[PDB]
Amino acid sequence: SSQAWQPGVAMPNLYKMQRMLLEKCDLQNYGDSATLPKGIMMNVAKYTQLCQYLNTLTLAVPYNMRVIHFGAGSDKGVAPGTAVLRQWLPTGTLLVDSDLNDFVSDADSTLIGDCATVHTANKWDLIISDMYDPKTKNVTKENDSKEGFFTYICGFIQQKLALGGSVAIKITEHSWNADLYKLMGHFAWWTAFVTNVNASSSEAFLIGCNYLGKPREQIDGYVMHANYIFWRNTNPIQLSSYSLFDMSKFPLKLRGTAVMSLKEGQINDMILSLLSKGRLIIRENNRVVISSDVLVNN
């Protein structure tokens, strides 16, 4: 583990190519903890390592970058992950966050309620989700693909992610969805990323890098989650907070990526290639308008 000095560990490509069957996840280092810097909370450390890993990918970073963050409230009413995302993102990036429960936030704008009540007019450059329902982690029954908020997330990616944009969506052994894995094949590249501070847990972020709006690759989502569990089961990851102590190169690079508005007939292989290298965003550049549905009754 030269891995201990990385922000985390990504699913190696050879594990993606397997055809494993789903097993129960049994982590060697389950119940260990990393020692966090004094007074630093798990969700700050976790989002910091996630952003540090995203720094190594070909993220498109336009002027007027637009980021939306789902599942951003804590049980203490604040938004630690949102605070890390604002630190990471270029000054002036529009950041909207949301959560079922009320919380106060550093985001430019916040919507409270089930994520299915959230509507936006515009498309987004980067979607981050931390949503998780702890009722799913019941070990006593079959681990099938889950719907709930994952159904919203897949719809939201297909309808509201700009071409070239990227996603990072939290999953676990039991909190996962087969269509979301299938959608990873609609990006130029994908992985499952485990932060070193939370390596004792089956959580990972499914990261889709540079959205292409069409299948580049055909992915069976039940097989790929089985492959992810197999990787985790046979590759213990040493807990580590090492990367948190060097923040000198943390901010996301201002790449000034080009934004163009194109009808879908104009997406040729040359556009696709620019999307694939993080050099192009395709969406409009109008005002960002969002809203929340309110049900009225007595």
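Numbers follow the displayed sequence, beginning with 1.
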(request) Using only the Cα atoms and their B-factors as the entry lists them, report which of 258 to 266 and 25 to 33 averages higher. (result) 258 to 266
(message) If you average the CA temperature factors as listed in the entry, which stretch comes out higher, 267 to 275 or 226 to 234?
(response) 267 to 275
(message) Looking at the C-alpha B-factor values in the deposited entry, which of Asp106, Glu173, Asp179, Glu142 comes out highest?
(response) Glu142
(message) Can you tell me which of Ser202, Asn138, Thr195, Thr191 has the maximum CA B-factor listed in the PDB entry?
(response) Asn138
(message) Ranking every modelled residue in this chain by its Cα temperature factor as given in the entry, which third contains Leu280?
(response) highest
(message) When the deposited Cα B-factors of this chain's modelled residues are ordered and cut into thirds, is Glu147 in the lowest, the middle or the highest one?
(response) highest
(request) Can you work out whether the C-alpha temperature factor of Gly81 puts it in the lowest, middle or highest third of the chain? (result) lowest
(message) Going by the CA temperature factor in the PDB record, which third of the chain does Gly221 belong to: lowest, middle or highest?
(response) lowest
(message) Could you place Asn210 in the lowest, middle or highest third of its chain by Cα temperature factor, using the values in the record?
(response) middle
